[PDB]
Amino acid sequence: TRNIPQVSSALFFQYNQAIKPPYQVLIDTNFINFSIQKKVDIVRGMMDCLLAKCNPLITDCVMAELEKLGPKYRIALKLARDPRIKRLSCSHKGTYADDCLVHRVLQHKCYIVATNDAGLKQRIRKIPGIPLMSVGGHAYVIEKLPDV
Amino acid sequence: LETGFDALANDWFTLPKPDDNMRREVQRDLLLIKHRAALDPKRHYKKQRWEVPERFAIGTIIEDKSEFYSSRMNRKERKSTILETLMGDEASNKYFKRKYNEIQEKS
Amino acid sequence: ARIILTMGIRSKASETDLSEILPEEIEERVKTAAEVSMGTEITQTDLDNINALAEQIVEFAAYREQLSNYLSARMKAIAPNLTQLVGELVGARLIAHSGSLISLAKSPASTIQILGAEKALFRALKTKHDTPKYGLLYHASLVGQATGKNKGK
Amino acid sequence: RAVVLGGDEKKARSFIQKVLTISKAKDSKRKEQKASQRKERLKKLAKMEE
Amino acid sequence: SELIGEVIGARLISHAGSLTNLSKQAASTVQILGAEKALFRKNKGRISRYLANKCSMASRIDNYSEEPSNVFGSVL
Amino acid sequence: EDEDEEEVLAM
Amino acid sequence: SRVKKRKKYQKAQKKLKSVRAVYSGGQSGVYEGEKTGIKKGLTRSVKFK
Amino acid sequence: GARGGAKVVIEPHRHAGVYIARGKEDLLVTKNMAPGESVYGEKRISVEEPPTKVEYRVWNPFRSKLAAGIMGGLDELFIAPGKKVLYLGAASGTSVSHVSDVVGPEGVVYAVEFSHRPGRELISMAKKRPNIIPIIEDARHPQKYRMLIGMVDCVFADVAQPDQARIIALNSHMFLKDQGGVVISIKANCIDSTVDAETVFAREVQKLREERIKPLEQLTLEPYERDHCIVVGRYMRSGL
Amino acid sequence: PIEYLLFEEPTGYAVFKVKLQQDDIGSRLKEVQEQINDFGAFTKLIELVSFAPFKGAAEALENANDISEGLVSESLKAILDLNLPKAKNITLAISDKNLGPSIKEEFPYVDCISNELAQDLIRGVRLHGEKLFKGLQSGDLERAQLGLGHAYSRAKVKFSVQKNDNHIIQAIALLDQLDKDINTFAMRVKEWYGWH
Amino acid sequence: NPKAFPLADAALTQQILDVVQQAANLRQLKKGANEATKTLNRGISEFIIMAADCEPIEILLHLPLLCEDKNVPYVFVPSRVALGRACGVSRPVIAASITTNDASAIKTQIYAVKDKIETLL
Ligand SMILES: [Zn+2]
């Protein structure tokens, strides 16, 4: 049987009419490390960027990557385990976090992706209706979000 | 006290297969579903490569008594074949006659 | 229908005996089903009319046997020679199809062979396909005794 | 093969033949249009590639 | 039964498929339910429509009552 | 099959 | 400008129906079946990897 | 369209137990377990078979959400002939009767309903269909009807409740087999009208993961329904 | 620490003895779960010690209500009394936690367990069903559920035959059939006696 | 236990009758048991208001059955005289239905009462 995935009902052509405040943001492993480098708080940095409440989310793969980083990145692991950060369970074998984030946004058009990886950003940009958040300069920056 | 225990010691979901040398009426009906796109100018369908199924049946619809007006056919209008009902429709034949002609001059 | 007449309610299944109607293994099955049934109770007024309906079933079945015997007596007096060969039921059906004994008498033996298979016969003739070879005589006792291609012969 | 048909059979056979010709014409017309748009599409990609 | 009759009422119930089905239908659907055997049958049509509405209410009282009485059917 | 068959002796 | 944007939006509403199915009030009248046909061998579900 | 005396061509669907009636319009069809009657006034199709008159029923997608799933192209439907199905939220025979048609005489359907008024008609239907076992009980407490249900191959949940995820998990833990099927109908408004439907659907998938249910596919039910989706998942008892 | 298991069937109460206690820390491991699914492995864990079928349909409905409400029926008190030794405290695995307090009140010497380890064992019993009874007469569990399901459901709804109108539908279908057949057969009597 | 259930209290009844009156002005109200029945069949009803003093009460008891099958909230008000007055008509009304419209001017008011009826049920 052939499969052609249905276009999400949350998309009006290139405009995602589902992502509205308060936002849900998927955190990538590099995002926390860069955030510590720039002295940017995760919760407040996002609130300043979007002028709204943001609900950060960490998947099992990203949590796994943080634990594998080592004692050098102890601060990142402590911030990632802040109770305000909710957790997302994973039901797939691989621990590769890049594919996990890409598959989640394909399934549901309700997440912002927070990452600085050039490879991952390029993939997300090809997916329509996915706002992309990054840390650049002194604070966060959001690309594909009309309400800003 | 008496006990015999001591004395006890000593298929529903299969459709009919069409018959080989099938009736001409069935073949003409199967062609209509295959080419249903051309019957009505105002009706258009999803693109589908419909092949004759290995097993199938010909059925007659039964309406509920509440649908006497909305979705019922008069007895005279009912015909044994889908094709025969289609010929009865006067609007359809007018379109076919007109449309059939234009293809002929172009040819 | 007889089970209804012997026992009207599932309650009676415990004491009522169905030996003359049913074998042993079947009669105990209904008894087990009676207590664990999903059905609802019915009144005597409802029971009385269902009994009346059941009494019509047995009477009609009784008369149906009588008519079967009556036809056999008729067939053995109006066409005794035919009954000896094909039988009473198939012999009577042959006469009815033609409409009269004389009308059947004037038919060739070939037509009598395929008398009850006109739909297959004329479909086959018009479509250049093999024709039937038993018709209505397929249910004769002698044809049943034959096997394979000998049935056609 | 040569056959002999009644009036009703002839009407049914004529009706089918009319339908198939209409279907054949309609199917080809859609094919030619989409084929043309492929040609127009290709001529634009050549600009994109170049 | 009191409103129209035992036999006519029984035919209407069977056409709906059950007394509960008959009660759930709207008055317009009840009228066309017996419009093939003329159970309820310009001034003639108005009585037919009027009787169909009352028949619909009578079915509701019967179906949704544990021990229906004939008091309301009589006044109806 | 209608294409296969041909009609003869028509009135 | 107001008239131009009005025609542009209604044009986009037509195109959205081609891109994806859109709710249009549901069933109106007797259920007459799927007018455009049913495709047996096509699935439109989003599959979790 | 599909008028009274019209003739149609009935052919099998990709899913077992489901049929397609072709014509000018296509209709989703299931074989009638109890011929000669309609449960909610649906159109029926009669076919002569060597001759016995077998009957069929029309499955209306606008009335049954499972039918809306089949229209939209669900890849896997664990409801199939000869399988035990636990149907939660069985208001009446509108959709259960069609599920009973698919499973067939060898299968069995456990219909669970809470309200008594819809329950009464569920009992009346269940008599016509021997393979339907009606359970008038609250699905939030599966312990109350544990005697009446054995293991089930698939669980179908149409309960429109905010806490439907908890109901699904409790019933699946008690009754669903290992590697069993789970099919959920999610209505965004019932769970959370404050947020968009997409946020709700992602949230429900998360709760299913927490309850050892692996989601396989998701499908939105437009144009038949608005803000509705069907999530199909497999129950991994050991873990995800 | 589970030694006896209580499973309730539509036909009756079944009590089992746990021969081998599956690993508790490794309960979630795949292999131990696979043991529950496999019939051959499952027999090694538990063995049926007693089964007390209900006397009839009425008793089954009465205990279904009691089991639904987490109460101990006289039949359940008897079967546990014959099975559970007086004994420090015998451990009984029960599916429902609400039933535990009622069992404790009747039997102070039994401590009920309904943890996930117990649920896994209860789940395995439901899976194999009649296969675990070693041929002992348990009827058929599918048909028993069907009758009990209707009984349990109709009891809560309080359905009564007085509401029944199917008699009316059958009577009408029979009446017009009688009129047709009265007319049909009567004409034949005219034909047959017409000759004479 | 009574056939008419749940019955709204004095505080809840006034808010229901308030929404009914606004819906009447906006042509978002269907009055009468028959018209309410049609809305349920078409699935265009937000919720159903019934009068508990209907004489007899049974002539509107099919609506709860249809509502619970369709998962539509329903509630009973003590008086049909009051319901008819709020409906805007000159005659008593036993049943009424609020028509679904996500583009209505009284959307927030409808969902407010809809929530409390759901809590009541
Ligand atoms: Zn992951």
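### Focus on the overall build of chain H
Stage number 1. Looking only at helices and strands, one finds six helices and twelve strands in chain H.
Stage number 2. The C-alpha atoms of chain H give a radius of gyration of 18 Å, which matches the 18 Å a tight globule of 240 residues would have.
Stage number 3. The dimensions of chain H, computed from C-alpha atoms along their principal axes, are 55 × 40 × 35 Å.
Stage number 4. Counting every atom, chain H has about 6,700 Å² of accessible surface; 49% of that belongs to carbon and sulfur.
Stage number 5. In chain H, the 33 positive side-chain charges and the 30 negative ones have mean positions that sit 4 Å from each other.

### Observations regarding a positive patch on the surface
Stage number 1. On the surface, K47 of chain B together with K26, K29, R30 and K34 of chain D cluster together into a patch of positive charge.
Stage number 2. Following the sequence through the fold, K26 of chain D ends up in helix α1 (residues 7–49).

### Digging into the coordination of the zinc ion
All names here are of chain A.
Stage number 1. Of the protein atoms, only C61 (SG), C90 (SG), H92 (NE2) and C100 (SG) coordinate the zinc ion, at distances of 2.1 to 2.3 Å.
Stage number 2. Coordination at the zinc ion comes from four donor atoms whose angles at the metal span 94 to 124°, giving a geometry best classed as tetrahedral.
Stage number 3. Read from N- to C-terminus, the donor residues coordinating the zinc ion fall into the pattern C-x28-C-x1-H-x7-C. Within this pair, whereas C61 is found in helix α3 (residues 60–69), its partner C100 is found in helix α5 (residues 97–107), the two being separated by 39 residues in sequence. Considered together, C61 and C100 belong to a single accessibility category, that of buried residues.

### Quick look at the sheet that holds strand β6 (residues 86–88) of chain A
Sheet strands line up and pair through hydrogen bonds in the backbone, either parallel or antiparallel.
Residues and elements named next belong to chain A.
Stage number 1. Spatially, the six strands line up as an open sheet ordered β6-β5-β4-β7-β8-β9, and their pairing is mixed. The sheet is open, and its two edges are formed by β6 and β9 (139–142), each paired on a single side. Strand after strand, the sheet turns through a mean of 35° between neighbouring axes, direction not considered.
Stage number 2. Bridge analysis of strand β8 (residues 132–136) against β9 gives four bridges, and the strand direction is antiparallel. Opposite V135, over in β9, you have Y140 as the bridge partner.
Stage number 3. Across the sheet, helix α1 (residues 29–37) is in contact with β4 (23–27), β5 (54–59), β7 (112–114), β8 and β9; its angle to β8 comes to roughly 30°.
Stage number 4. Against the sheet, α3 contacts β4, β5 and β6, and its axis sits at roughly 70° relative to β5.

### A short note on the side chain of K121 of chain A
Residues and elements named next belong to chain A.
Stage number 1. Relative to the helices and strands, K121 is located in helix α6 (residues 118–126).
Stage number 2. Despite its burial, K121 remains without a salt bridge, the nearest opposite charge being carried by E143 at 4.3 Å.
Stage number 3. Sequence-distant contacts of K121, defined by excluding residues within four places in its chain, comprise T115, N116, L132, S134 and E143.

### A short note on the environment of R13 of chain D
Stage number 1. With respect to the helices and strands, the residue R13 of chain D is situated in helix α1.
Stage number 2. Residues in contact with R13 of chain D, not counting those within four places in the same chain, are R24 of chain B, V3 and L5 of chain D together with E5 of chain F.
Stage number 3. Polar side-chain contacts of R13 of chain D include one of 2.5 Å to the side chain of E5 of chain F.

### Structural notes on unusual backbone geometry
As a rule of thumb, non-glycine residues mostly have phi less than zero, and peptide bonds are mostly trans rather than cis.
Stage number 1. The amide bond that connects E222 of chain H to the next residue, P223 of chain H, takes the cis arrangement and shows omega of 5°.
Stage number 2. Summarising the element assignment, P223 of chain H is placed in the loop between β11 (213–220) and β12 (228–235).
Stage number 3. Note the cis peptide between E55 of chain J and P56 of chain J, where omega equals -5°.
Stage number 4. By the element assignment, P56 of chain J lies in the loop between β2 (45–51) and α3 (62–70).
Stage number 5. Unlike most non-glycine residues, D227 of chain H shows phi in positive territory, near 60°.
Stage number 6. In this fold, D227 of chain H is placed in the loop between β11 and β12.
Stage number 7. With a phi angle near 60°, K158 of chain I is a residue other than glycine that sits in the positive phi range.
Stage number 8. Taking the relative accessible area as the measure of exposure, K158 of chain I reaches 69% and is therefore exposed.

### Quick look at the pattern of salt bridges
Stage number 1. Counted according to the given criterion, the structure contains 46 salt bridges over all chains.
Stage number 2. The salt bridge involving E9 of chain D is made with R28 of chain B; its shortest N-O contact spans 2.3 Å. Here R28 of chain B lies in helix α2 (residues 24–34) and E9 of chain D lies in helix α1, a pairing that spans two chains.
Stage number 3. What makes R28 of chain B buried here is its relative accessible area of 9%.
Stage number 4. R28 of chain I serves as the salt-bridge partner of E116 of chain I, at 2.3 Å between the closest nitrogen and oxygen.
Stage number 5. Classification of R28 of chain I by relative accessible area gives partly exposed; the value is 42%.

### Things to note about the interface of chain H and chain B
Stage number 1. The partner chain B presents 34 residues to the 37 residues of chain H that form the contact.
Stage number 2. Both faces combined, the contact of chain H with chain B buries some 3,400 Å², and carbon together with sulfur accounts for 54% of it.
Stage number 3. The largest per-residue losses of area from chain H upon contact with chain B belong to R3, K7 and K24 of chain H, which jointly make up 22% of the total buried on that side.
Stage number 4. A salt bridge links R43 of chain B to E25 of chain H, with the shortest nitrogen-to-oxygen separation between them at 2.9 Å.
Stage number 5. Linking chain H to chain B there are 18 residue pairs in polar contact.
Stage number 6. Elements with a contribution of two residues or more to the side of chain H that touches chain B: β1 (7–12), β2 (19–22), β4 (44–49) and α2 (93–103) of chain H.
Stage number 7. Partitioning the side of chain H that touches chain B into residue classes produces 15 nonpolar, eight polar and 14 charged.
Stage number 8. With four bridges joining them, strand β1 (residues 57–62) of chain B and β1 of chain H adopt antiparallel strand pairing. Looking across to β1 of chain H, one finds that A57 of chain B is bridged to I10 of chain H.

### Some details on empty space enclosed by the protein
Stage number 1. For the largest cavity, the calculated volume is near 80 Å³.
Stage number 2. In terms of lining, the largest cavity is formed by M151, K177, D178 and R237 of chain H together with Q33, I36, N37, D120, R123 and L127 of chain I.
Stage number 3. Listed by contribution, the elements that provide at least two residues to the lining of the largest cavity are β10 (176–187) of chain H together with α1 (30–37) and α6 (116–128) of chain I.
Stage number 4. Looking at the lining of the largest cavity residue by residue, the class counts come to three nonpolar, two polar and five charged.
Stage number 5. Here the second largest cavity defines a volume of roughly 50 Å³.
Stage number 6. Taken together, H15, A16, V18, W59, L66, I70, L77, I79 and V102 of chain H make up the full set of residues lining the second largest cavity.
Stage number 7. Partitioning the lining of the second largest cavity into residue classes produces eight nonpolar, one polar and no charged.

### Looking at helix α3 (residues 116–128) of chain H
Stage number 1. Under the 1.5 Å per step criterion, the end-to-end length of α3 of chain H is 19 Å for 13 residues, consistent within 8% with the ideal 18 Å.
Stage number 2. Listed in full, the buried residues belonging to α3 of chain H are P118, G119, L122, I123, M125 and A126 of chain H.
Stage number 3. Elements in contact with the buried residues of α3 of chain H: α2, β7 (108–113) and β8 (132–136) of chain H, α7 (141–157) of chain I together with α3 of chain J.

### Topic: the pairing of β4 of chain A
Residues and elements named next belong to chain A.
Stage number 1. Among the five residues of β4, five are classified as buried, and the element is accordingly described as predominantly covered.
Stage number 2. Of the two faces of β4, the one lined by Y23, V25 and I27 and the one lined by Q24 and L26 are each fully buried.
Stage number 3. Relative to β5, β4 is paired through four bridges, and the arrangement is parallel. In the strand pairing of β5, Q24 is matched with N55.
Stage number 4. Pairing of β4 with β7 involves three bridges; the strand directions are parallel. Bridge pairing in β7 links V25 to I112.

### A closer look at the interface of chain H and chain G
Stage number 1. Residue-level contacts link 35 residues of chain H with 22 residues of chain G.
Stage number 2. In terms of surface lost to chain G, no three residues of chain H exceed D26, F62 and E222 of chain H, which account for 18% of the buried area on that side.
Stage number 3. The interface formed by chain H and chain G includes two salt bridges.
Stage number 4. Those elements giving two or more residues to the side of chain H that touches chain G turn out to be β2, β3 (27–31), α1 (65–72), α6 (197–210) and β11 of chain H.
Stage number 5. Ranked by residue count, the leading element in the side of chain H that touches chain G is β11 of chain H, at five residues.
Stage number 6. Tallied by class, the residues present in the side of chain H that touches chain G amount to 17 nonpolar, six polar and twelve charged.
Stage number 7. Inspection of the sheet shows strand β2 (residues 46–47) of chain G paired to β11 of chain H by two bridges, in the antiparallel sense. Bridged to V46 of chain G within β11 of chain H is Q218 of chain H.

Basis of the calculations
- Residues numbered from 1 in each chain as written, not as in the entry; some residues may be left out.
- Chains lettered and ligands numbered in written order.
- Part of a larger assembly, values for the part shown.
- Heavy atoms only, no water.
- Helix = DSSP H or I, 4+ residues; strand = E, 2+ residues; numbered from the N terminus.
- Rg over C-alpha atoms; globule rule 2.2 N^0.38 Å.
- Areas by Shrake-Rupley, 256 points an atom, 1.4 Å probe, with all protein chains shown as cover.
- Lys, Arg positive; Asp, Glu negative; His and termini not counted.
- Charge placed at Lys NZ, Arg CZ, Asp CG, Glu CD.
- Patch = residues over 30% accessible without salt bridge, like charges linked within 9 Å, V, L, I, M, F, W, Y side chains within 5 Å.
- Salt bridge = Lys/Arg side-chain N within 4 Å of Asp/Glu carboxyl O.
- Donors = N, O, S within 2.8 Å, 3.2 Å for Na, K, Ca; no water.
- Tetrahedral: all angles 85-135°; square planar, octahedral: opposite > 155°, others 65-115°.
- Buried < 20%, exposed > 50% of the residue type's maximum accessible area, 1.4 Å probe, protein only.
- Pairing = 2+ DSSP bridges.
- Axes fitted to C-alpha atoms, helices over the stretch in contact; angles between N-to-C directions.
- Contact = heavy atoms within 4.5 Å.
- Polar contact = N/O pair within 3.5 Å; in protein donor to acceptor, adjacent residues only side chain to side chain.
- Buried area = accessible area lost by both parts, 1.4 Å probe.
- Nonpolar A, V, L, I, M, F, W, Y, C, P; charged D, E, K, R; others polar.
- 1 Å grid on protein atoms, 1.4 Å probe; cavity = no way out; pocket = protein on both sides within 12 Å on 5 of 7 lines; lining within 4 Å.
- Points joined across faces, edges and corners; volume = space filled by probe spheres on them.
- Expected span 1.5 Å × (residues − 1).

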